[PDB]
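A.B. asks: Below you will find the structure I want to go over with you.
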Amino acid sequence: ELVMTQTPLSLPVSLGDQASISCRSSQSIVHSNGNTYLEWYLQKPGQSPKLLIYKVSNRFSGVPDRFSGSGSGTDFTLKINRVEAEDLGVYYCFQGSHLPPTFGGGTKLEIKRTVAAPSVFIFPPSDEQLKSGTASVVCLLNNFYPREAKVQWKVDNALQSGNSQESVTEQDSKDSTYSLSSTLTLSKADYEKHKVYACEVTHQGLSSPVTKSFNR
Amino acid sequence: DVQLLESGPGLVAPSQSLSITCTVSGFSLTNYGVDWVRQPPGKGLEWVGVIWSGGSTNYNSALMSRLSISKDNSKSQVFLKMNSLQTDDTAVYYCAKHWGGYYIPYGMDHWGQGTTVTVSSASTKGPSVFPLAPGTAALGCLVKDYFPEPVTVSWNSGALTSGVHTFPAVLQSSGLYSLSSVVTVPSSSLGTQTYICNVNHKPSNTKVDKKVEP
Ligand SMILES: Nc1nc2ccc(NC(=O)CCCC(=O)O)cc2[nH]1
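Protein chains in written order, with the authors' numbering: chain L, 1 to 216; chain H, 1 to 134, 142 to 221.
Here it is, written out as structure tokens:
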């Protein structure tokens with residue numbers, strides 16, 4: 001039973017730099033016919049896997065020259081010269097010389113770009129939502145870098161905890177930014193009991209924490 | 001024009017059976033092997049099994065006692081069937097066409113979009129859709152309290168693509184999912200143009216169109 005060991009798990013890389021991904025197999029994957037059936041696949045956010053490299057070093061048609069596979073026996077390498085924003089995603093090696101075929105663990109390529117501050121928007125519960133017994137206050141942080149960002153909820157200046165949930169997008173394929181949503185969930189009763197709702201946001205690209213708010 | 005498209009039941013109860021159909025097009029299954037591959041939420045790609053052009057199969061070590069792949073050449077269809085489903089089996093299932101080589105493919109050419117399978121004893125719930133009301144304006148849709156994944160969200164029937172962000176779902180203490188899709192638009196068009204989000208939840212057959220207004 002062949003194992004494919006891919007390192008590293010996550011690979012942060014600046015735009016235009018080189019990225020090197022390693023696949024090691026627990027045995028030789030040179031087939032008895034002399035071929036070695038090792039492929040590399042990219043899976044981009046919200047997309048199916050796509051073939052880049054087959055038989056160790058052959059580029060699949062339409063794959064740019066910045067992508068090259070090499071190696072033999074057990075040690076194999078994918079190199080991406082001048083990493084582009086569009087190269088973002090998870091790379092998997094694949095071994096097909098031996099039954100059963102296996103994928104490596106995957107290597108996630110994150111892109112390192114310049115700092116970008118989020119734009120913040122706050123949304124009050126819709127009148128339709130209140131008219132069924134639940135209040136969702138949504139706070140949106142749009143197109144920022146890096147990923148680390150603190151979102152705090154203040155209800156009449158009472159700092160909230162335990163009653164909200166966050167969701168972050170994958171890194172954007174055109175500008176390597178993240179967006180995030182934080183959702184504050186209250187029963188209509190407990191919502192209509194309070195005046196000022198505030199989303200407070202902290203980020204490296206902001207000079208001090210920005211607050212978006214509204215009165216109910 | 002090569003196409004592969006998976007057709008699954010969306011939700012399956014534990015201990016029961018899974019049947020997914022891959023409908024294939026722009027090629028002949030007499031000539032091509034097809035792979036089945038899967039991906040549990042947040043985890044890596046797993047090879048599941050294969051059906052060779054001639055009709056013989058090979059299966060994954062872990063799943064092979066519960067797995068069987070078959071096909072209909074005349075119908076351009078490949079079938080994955082799987083017994084005794086566990087929570088573990090929750091995944092996106094892809095079919096993939098074989099490319100190149102004699103009796104071992106050089107790679108996997110073309111893939112289906114995937115089909116999502118949740119193994120659970122909960123029942124199907126359609127989402128409630130609530131507007132998120134708006142030189143740049145943000146507006147959105149809050150899509151709430153549905154099971155299982157996925158939902159698909161588009162704006163203006165797919166016409167408006169630029170600056171759309173549909174966030175990954177989150178699972179609530181209620182066992183129901185909830186997401187939001189938002190779009191950034193010009194402030195000046197808020198008076199002139201209308202914005203509708205199109206929310207589709209195939210497991211419940213619920214299609215909802217929502218007008219988001221100032
Ligand atoms: N996309 C792919 N699906 C598969 C399925 C099986 C593959 N390899 C083998 O079966 C190896 C057989 C080796 C032998 O000739 O004994 C290789 C492969 N690649």
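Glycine residues also receive a C-beta, built at the ideal position from the N, C-alpha and C atoms.
Pull up the CB-CB distance for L11 (chain L) and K44 (chain L), whole angstroms please, since I reckon it's below 8 Å.
C.D. replies: As a first step, residue 11 (chain L) must be located in the first sequence, where it is residue number 11. As a first step, residue 44 (chain L) must be located in the first sequence, where it is residue number 44. That pair is no contact at about 15 Å.
A.B. asks: Is there at least one non-hydrogen atom of ligand 1 closer than 7 Å to the beta-carbon of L67 (chain H)?
C.D. replies: By 1-based counting over the second sequence, the position of residue 67 (chain H) is 67. Every heavy atom of ligand 1 is 7 Å or more from the Cβ of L67 (chain H), so no.
A.B. asks: Compare the C-beta of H172 (chain H) against all C-beta atoms of chain L and say whether one is closer than 8 Å.
C.D. replies: Reading the second sequence from its first residue, position 165 is the one you call residue 172 (chain H). By this cut-off, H172 (chain H) is an interface position.
A.B. asks: Please list the segments of the beta strand (DSSP E) lying wholly inside the stretch 66-96 of chain L, counting only runs of 3 or more residues, in order along the chain.
C.D. replies: If we require 3 residues or more, the beta strand (DSSP E) runs fully inside the stretch 66-96 of chain L come out as 67-72, 75-80, 89-95.
A.B. asks: Check the Cβ of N60 (chain H) against every Cβ in chain L and list those closer than 7 Å, keeping chain order.
C.D. replies: Stepping through the second sequence from its first residue, residue 60 (chain H) is reached at position 60. Here the neighbours are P100.
A.B. asks: Using a C-beta to C-beta distance shorter than 8 Å, which residues of chain H count as neighbours of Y92 (chain L)?
C.D. replies: Taking the first sequence and counting its residues from 1, one reaches residue 92 (chain L) at position 92. Per Cβ cutoff of 8 Å: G44, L45.
A.B. asks: Would you report the Cα separation of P127 (chain H) and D152 (chain H), rounded to the nearest angstrom?
C.D. replies: Taking the first residue of the second sequence as position 1, residue 127 (chain H) is located at position 127. Taking the first residue of the second sequence as position 1, residue 152 (chain H) is located at position 145. In this model, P127 (chain H) and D152 (chain H) are separated by some 5 Å (Cα to Cα).
A.B. asks: When the cut-off is 8 Å and only beta carbons count, does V138 (chain L) lie next to chain H?
C.D. replies: As a working note, residue 138 (chain L) is residue 138 in the first sequence. Answer yes: the Cβ-Cβ gap between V138 (chain L) and chain H drops below 8 Å somewhere.
A.B. asks: Judging by CA-CA distance, which residue of H:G33, H:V117, H:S121 is the nearest neighbour of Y102 (chain H)?
C.D. replies: For the purposes of this step, residue 102 (chain H) is identified with residue 102 of the second sequence, where counting begins at 1. Ranking H:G33, H:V117, H:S121 by Cα distance to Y102 (chain H) puts H:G33 first.
A.B. asks: How long is the line joining the alpha carbons of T87 (chain H) and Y54 (chain L), rounded to whole angstroms?
C.D. replies: As a position in the second sequence, residue 87 (chain H) is number 87, starting the count at 1. As a position in the first sequence, residue 54 (chain L) is number 54, starting the count at 1. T87 (chain H) and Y54 (chain L): Cα-Cα distance of roughly 34 Å.
A.B. asks: Listing by chain order, which chain H residues have their CB less than 8 Å from the CB of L51 (chain L)?
C.D. replies: Looking up residue 51 (chain L) in the first sequence gives position 51. The answer, in chain order, is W99, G107, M108, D109.
A.B. asks: Judging by CA-CA distance, which residue of H:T201, H:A133, H:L85, H:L29 is the nearest neighbour of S164 (chain H)?
C.D. replies: As a working note, residue 164 (chain H) is residue 157 in the second sequence. The shortest Cα separation from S164 (chain H) among H:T201, H:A133, H:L85, H:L29 belongs to H:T201.
A.B. asks: Where DSSP assigns a beta bridge to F214 (chain L), which residues make up the other side?
C.D. replies: Within the first sequence, residue 214 (chain L) is the residue found at index 214, counting from 1. Answer is L:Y197, bridged to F214 (chain L).
A.B. asks: Which residues of the stretch 65-94 of chain H have a Cβ closer than 8 Å to any Cβ of chain L? Give them in chain order.
C.D. replies: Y94
A.B. asks: Going by beta-carbon coordinates alone, are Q39 (chain H) and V92 (chain H) separated by less than 8 Å?
C.D. replies: Counting from one through the second sequence, the residue named residue 39 (chain H) turns up at place 39. Counting from one through the second sequence, the residue named residue 92 (chain H) turns up at place 92. Yes, Cβ-Cβ distance for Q39 (chain H) and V92 (chain H) is below 8 Å.
A.B. asks: In whole angstroms, give me the CA-to-CA distance for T134 (chain L) and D190 (chain L).
C.D. replies: For this step, residue 134 (chain L) is matched to residue 134 along the first sequence. For this step, residue 190 (chain L) is matched to residue 190 along the first sequence. Taking the straight line joining both Cα atoms gives about 9 Å.
A.B. asks: What residue does the alpha helix (DSSP H) around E110 (chain L) start on, and which one ends it?
C.D. replies: Translated into the one-based positions of the first sequence, residue 110 (chain L) becomes position 110. Note, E110 (chain L): premise wrong, no alpha helix (DSSP H); beta strand (DSSP E) at 107-112.
A.B. asks: Is the beta carbon of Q160 (chain L) closer than 8 Å to that of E200 (chain L)?
C.D. replies: Residue numbering aside, residue 200 (chain L) sits at position 200 when the first sequence is read from its first letter. Residue numbering aside, residue 160 (chain L) sits at position 160 when the first sequence is read from its first letter. Going by C-beta atoms, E200 (chain L) is not nearer than 8 Å to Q160 (chain L).
A.B. asks: Terminal residues of the continuous beta strand (DSSP E) containing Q165 (chain L)?
C.D. replies: Locating residue 165 (chain L) in the first sequence gives position 165, counting from the first residue. 164-168 is the span of the beta strand (DSSP E), which, as asked, contains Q165 (chain L).
A.B. asks: Please return the same chain residues whose Cβ sits closer than 6 Å to the Cβ of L186 (chain H), not counting the five positions on each side in sequence.
C.D. replies: Translated into the one-based positions of the second sequence, residue 186 (chain H) becomes position 179. So the list reads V150, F174, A176, once near-sequence residues are dropped.
A.B. asks: Would you please verify whether the beta carbon of residue 139 (chain H) is less than 8 Å from any beta carbon of chain L?
C.D. replies: Between 134 and 142 the numbering of chain H has a gap, and residue 139 (chain H) falls inside it, with no coordinates.
A.B. asks: Cβ closer than 7 Å: which chain H residues qualify as neighbours of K55 (chain L)?
C.D. replies: Sequence index remark: in the first sequence, residue 55 (chain L) carries index 55 (1-based). Correct list: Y106.
A.B. asks: With respect to the alpha helix (DSSP H) encompassing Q129 (chain L), which residues constitute its N-terminal and C-terminal limits?
C.D. replies: Within the first sequence, the letter at position 129 stands for residue 129 (chain L). It spans 127-130 - the alpha helix (DSSP H) in which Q129 (chain L) sits, taken as one unbroken run.
A.B. asks: Distance cutoff 8 Å, beta carbons only. Does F154 (chain H) sit that close to anything in chain L?
C.D. replies: Residue 154 (chain H) sits at position 147 when you count from the first residue of the second sequence. Taking Cβ atoms only, chain L never reaches closer than 8 Å to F154 (chain H), which makes this a no.
A.B. asks: To the nearest angstrom, report how far apart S132 (chain L) and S126 (chain L) are at their CA atoms.
C.D. replies: Counted from its first residue, the first sequence places residue 132 (chain L) at position 132. Counted from its first residue, the first sequence places residue 126 (chain L) at position 126. Roughly 10 Å between the two C-alpha positions.
A.B. asks: What number of angstroms, rounded off, separates the C-alpha of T211 (chain L) from the C-alpha of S136 (chain L)?
C.D. replies: Translated into the one-based positions of the first sequence, residue 211 (chain L) becomes position 211. Translated into the one-based positions of the first sequence, residue 136 (chain L) becomes position 136. Between the alpha carbons of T211 (chain L) and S136 (chain L) lies a distance of about 18 Å.
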